[PDB]
Amino acid sequence: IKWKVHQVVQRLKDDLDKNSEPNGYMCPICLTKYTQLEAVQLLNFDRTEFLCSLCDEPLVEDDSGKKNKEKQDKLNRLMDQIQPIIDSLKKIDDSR
Amino acid sequence: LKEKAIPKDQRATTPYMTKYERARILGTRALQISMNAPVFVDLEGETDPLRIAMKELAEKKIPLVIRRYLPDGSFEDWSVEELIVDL
Amino acid sequence: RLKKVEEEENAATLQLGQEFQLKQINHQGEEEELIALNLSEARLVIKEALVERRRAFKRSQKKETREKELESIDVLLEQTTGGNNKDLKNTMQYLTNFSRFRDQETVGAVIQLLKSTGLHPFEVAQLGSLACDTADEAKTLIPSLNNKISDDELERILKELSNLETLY
Amino acid sequence: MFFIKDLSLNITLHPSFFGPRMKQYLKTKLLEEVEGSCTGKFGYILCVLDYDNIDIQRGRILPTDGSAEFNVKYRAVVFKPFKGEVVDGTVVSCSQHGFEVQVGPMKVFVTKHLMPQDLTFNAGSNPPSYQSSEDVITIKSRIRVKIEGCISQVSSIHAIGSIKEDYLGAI
Amino acid sequence: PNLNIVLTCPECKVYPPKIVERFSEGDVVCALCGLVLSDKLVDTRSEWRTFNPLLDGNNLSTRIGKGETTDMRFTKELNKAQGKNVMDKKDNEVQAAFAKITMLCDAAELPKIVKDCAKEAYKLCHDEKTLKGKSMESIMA
Ligand SMILES: [Zn+2]
């Protein structure tokens, strides 16, 4: 249980830390993930759309930057739910 | 480490340029004639690069130097001029 | 070799680079320490090699005035290389615009002070690269300046470094 | 940043150029492939130091091609990017999601989430500028920027920057 | 991705180009200009000189047995293990039907084409609510 809760805390915290950063870009043709810093060099000659190396197709920004507050809220609500478990673990650490 | 070379004096190799590096130096001179690097011996109308190389070696003005190895890793240096084409 | 991770954050608080060690070895077999150069002295020393290679090419066909220099070395560099080094013109412009001292002898006297003081090389190279005059706002700007050096001694060297430099 | 280090670099040369005056020819070669070069390891390479007494001293002919190579040890001035240093760079181009500051070799860019929200951004500007008291992109455009990381990749080097710090951004 | 390579002479451009193949040297040349496009062709006959998948489907059939440099004690284990994965696929029933229609067609001395066409006919539907069992022999008949 201790390893499970610690892995939940660390995985959700790192997921929240990543998801607080903005999205990146999506190519609907090849259906693959892209990041903003990877898309820095994906600008075209005229800075209008984000050019694709394979599809030569514009890149559109994903929908996860507003999932920052959703991951935060899930973390907080789950933390509230497991707070009796955290208190019980504290009392176990008090005990033998 | 310790400069990995030897001075041109007290060289203990043979002073006789032998067959394999003979072949190599002929082939290289064929390459310089192949891509029109300047000749040094005068022409007599022949256009064969191997003939040009043979004549240049015979008159002994080939502008190349040769490096030999030893099992340690240190190397010697020689010029083709100070060798003597004897076989 | 085993991916050689060596994860180091780069910072001014003696958080060094992975290749830019303090101690190397040189081609002669002698120990080559790290060399870092400040903005002013870099802008001074580049012109030595610039005029040296210009007179070197002049001898090849034979066989401080920064307003002059930004166009002069542009002409010299487009003479031998192409016009692609507008980036280099920008870097020398940075070298000559925000350098703490325009002249050479003030920087040289600063170096003559520093060879006797024996300060930390990277620290004082960072100090020479930056252009500030008062130690406490320098400290609040850079936490390396906050933690590495006492503010009183920092100020007592900062004033005798800042009196020489041409104010902007 | 602007640093000095001994560097050894190997260069090759076509066998048709085996004239008497090839040392200076090699020197000219060294100038054009040293100048205007940015590497991942040492950032951008500016120019060369100690033009005289340069050391080349020997070359090897390739066995299969007449080309011969030559290693050159030299002193040079280079720019080395780093993380977390306040610099007073200049801005040339700007975007709506953020201005693109040209600090020497880099084009350091600040993404829309790293500008402070108390900066009074106005969208109706040509170019779009983020000004509050005096930090306006101009012909000078001197803006205090901190590169908290320069992201070197396959060789289109970009640096990330921030002005989320007191006196940073404003001049 | 568009998964596409198109070949065009970079110096004629009159159409999708009138090009030919020199298989005796394995190269391709735009017949108008006379320049190569690419080299080192891969043969298209030597593989047929070297050595029913459509009816056995995408999953591939494998009969297993014994050899010379093996042991009877474990090839009998193999002979009783060869049926441990016939229930994972319906292809055991597909090949049972294939075997039974083989029985039938060769019993009526029908040729290979008739056998494979009956295999095709079973593989066509092989499963509907219209099929619905019906003695499992009516469908093959
Ligand atoms: Zn053609």
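Residues numbered from 1 in each chain as written, not as in the entry; some residues may be left out. Chains lettered and ligands numbered in written order. Part of a larger assembly, values for the part shown. Heavy atoms only, no water. Residues with missing side-chain atoms left out of burial classes, pairs and counts.

The deposited coordinates, according to the entry record, derive from cryo-EM at 4.1 Å resolution.

Named according to the PDB entry, chain D is DNA-directed RNA polymerase II subunit RPB7 originating from Saccharomyces cerevisiae. Per the PDB header, the entry is named "Consensus map of PICdeltaTFIIK form2".

The PDB entry lists chain B under the name DNA-directed RNA polymerases I, II, and III subunit RPABC2, with Saccharomyces cerevisiae given as the organism. Recorded in UniProt under Sequence similarities, the annotation for chain B is "Belongs to the archaeal Rpo6/eukaryotic RPB6 RNA polymerase subunit family." (UniProt positions renumbered as here; feature names shortened; annotations may be inferred.)

Okay, the overall build of chain B next. Looking only at helices and strands, one finds two helices and two strands in chain B. Along chain B, from the amino end to the carboxyl end, the secondary structure elements read α-α-β-β. In summary, chain B has a C-alpha radius of gyration of 15 Å against a globular reference of 12 Å for 87 residues, an excess of more than 25%. Reported as C-alpha extents along the three principal axes, the dimensions of chain B are approximately 50 × 25 × 20 Å. When the 87 residues of chain B are sorted by exposure, 30% land in the buried category. When contacts within chain B are restricted to residue pairs at least 6 apart in sequence, those whose partners lie at least 24 apart make up 47%. Accessible surface, chain B as shown: approximately 6100 Å² in total, 60% of it carbon and sulfur. Separation of charge centres in chain B, based on 14 positive and 15 negative side chains, amounts to 4 Å. (Helix = DSSP H or I, 4+ residues; strand = E, 2+ residues; numbered from the N terminus. Rg over C-alpha atoms; globule rule 2.2 N^0.38 Å. Buried < 20%, exposed > 50% of the residue type's maximum accessible area, 1.4 Å probe, protein only. Contact = heavy atoms within 4.5 Å. Areas by Shrake-Rupley, 256 points an atom, 1.4 Å probe, with all protein chains shown as cover. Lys, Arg positive; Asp, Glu negative; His and termini not counted. Charge placed at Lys NZ, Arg CZ, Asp CG, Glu CD.)

This next bit is on the sheet that holds strand 3 (residues 36–38) of chain E. Backbone hydrogen bonds hold the strands of a sheet together, and the pairing may be parallel or antiparallel. Residue and element names in this part refer to chain E. Reading across the sheet, the three strands line up as 1-2-3 and stay open at both edges, with antiparallel pairing between neighbours. Looking at which strands have only one partner, the edges of the open sheet turn out to be strand 1 (19–22) and strand 3. When strand polarity is set aside, the average angle formed by the axes of neighbouring strands in this sheet is 35 degrees. Inspection of the sheet shows strand 2 (residues 27–30) paired to strand 3 by two bridges, in the antiparallel sense. Bridging from a neighbouring strand, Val 28 pairs with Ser 38 of strand 3. (Pairing = 2+ DSSP bridges. Axes fitted to C-alpha atoms, helices over the stretch in contact; angles between N-to-C directions.)

Looking now at the coordination of the zinc ion. Residue and element names in this part refer to chain E. At the metal site, the zinc ion is ligated by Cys 9 (SG), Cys 12 (SG), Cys 30 (SG) and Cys 33 (SG), and these contacts range over 2.3 Å. Linear spacing of the donor residues for the zinc ion on their chain is C-x2-C-x17-C-x2-C. On the criterion of sequence distance, the pair formed by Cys 9 in the segment before strand 1 and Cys 30 in strand 2 is long-range, its members being 21 residues apart. Both residues of the pair, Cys 9 and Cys 30, belong to the buried class. (Donors = N, O, S within 2.8 Å, 3.2 Å for Na, K, Ca; no water.)

Within the secondary structure, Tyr44(D) is located in strand 3 (residues 43–49). A relative accessible area of 5% places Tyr44(D) in the buried class. Contact partners of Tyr44(D), with chain neighbours within four places excluded, come to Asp87(C), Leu88(C), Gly36(D), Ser37(D), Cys38(D), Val78(D), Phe79(D) and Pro105(D).

Before going further, it helps to examine the interface of chain D and chain C. Facing the 35 residues of chain D at the interface are 36 residues of chain C. Both sides together, the interface formed by chain D and chain C hides about 3300 Å², and carbon and sulfur atoms give 66% of it. Taken together, chain D and chain C are joined by zero salt bridges. For the side of chain D that touches chain C, the secondary structure elements donating two or more residues are strand 1 (2–13), helix 1 (23–34), strand 3, strand 5 (68–79) and strand 6 (85–95) of chain D. (Buried area = accessible area lost by both parts, 1.4 Å probe. Salt bridge = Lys/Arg side-chain N within 4 Å of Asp/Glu carboxyl O.)

This part takes up empty space enclosed by the protein. In this structure, the largest cavity occupies an estimated 190 Å³ of space. Lining the largest cavity are 18 residues, and of these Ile46(C), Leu50(C), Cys47(D), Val48(D) and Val77(D) lie nearest its centre. Among the secondary structure elements, those contributing two or more residues to the lining of the largest cavity are helix 1 (39–62), helix 2 (66–80) and helix 3 (86–97) of chain C together with strand 3 of chain D. Of the residues forming the lining of the largest cavity, the biggest block, five residues, is contributed by helix 1 of chain C. Within the lining of the largest cavity, the residues separate by chemical class into 16 nonpolar, no polar and two charged. (1 Å grid on protein atoms, 1.4 Å probe; cavity = no way out; pocket = protein on both sides within 12 Å on 5 of 7 lines; lining within 4 Å. Points joined across faces, edges and corners; volume = space filled by probe spheres on them. Nonpolar A, V, L, I, M, F, W, Y, C, P; charged D, E, K, R; others polar.)

Next up on the list: helix 5 (residues 121–129) of chain C. Three or more residues of helix 5 of chain C are buried, namely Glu123(C), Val124(C), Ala125(C), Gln126(C), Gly128(C) and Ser129(C). Against helix 1, helix 4 (105–117) and helix 7 (143–148) of chain C lie the buried residues of helix 5 of chain C.

The next point concerns the nonpolar core. Within the largest apolar cluster, 56 residues are counted, with the highest numbers of intra-cluster contacts made by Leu95(C), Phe2(D), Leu46(D), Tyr74(D), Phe99(D) and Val145(D). Among the elements that line this core, the one with the most residues is strand 5 of chain D, at six residues. Not counting chain neighbours up to four residues away, the residues in contact with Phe2(D) comprise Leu37(C), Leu39(C), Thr91(C), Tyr94(C), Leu95(C), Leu46(D), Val78(D) and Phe79(D). In terms of nonpolar packing, the next biggest core, distinct from the first, is built from 10 residues, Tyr25(A), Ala39(A), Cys55(A) and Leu59(A) among them. (Core = buried A, V, L, I, M, F, W, Y, C linked by side-chain atoms within 4.5 Å.)

Of note, the amide linkage connecting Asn126(D) to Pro127(D) takes the cis form, showing an omega dihedral of 0 degrees. Mapped onto the secondary structure, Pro127(D) falls in the loop between strand 8 (108–109) and strand 9 (143–151). If you check the backbone angles, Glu3(B) has positive phi at about 70 degrees while not being a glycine. Along the chain, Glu3(B) turns up in the segment before helix 1 (19–34). Its identity is not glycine, yet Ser141(D) carries a phi of approximately 55 degrees, on the positive side. Here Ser141(D) is to be found in the loop between strand 8 and strand 9.

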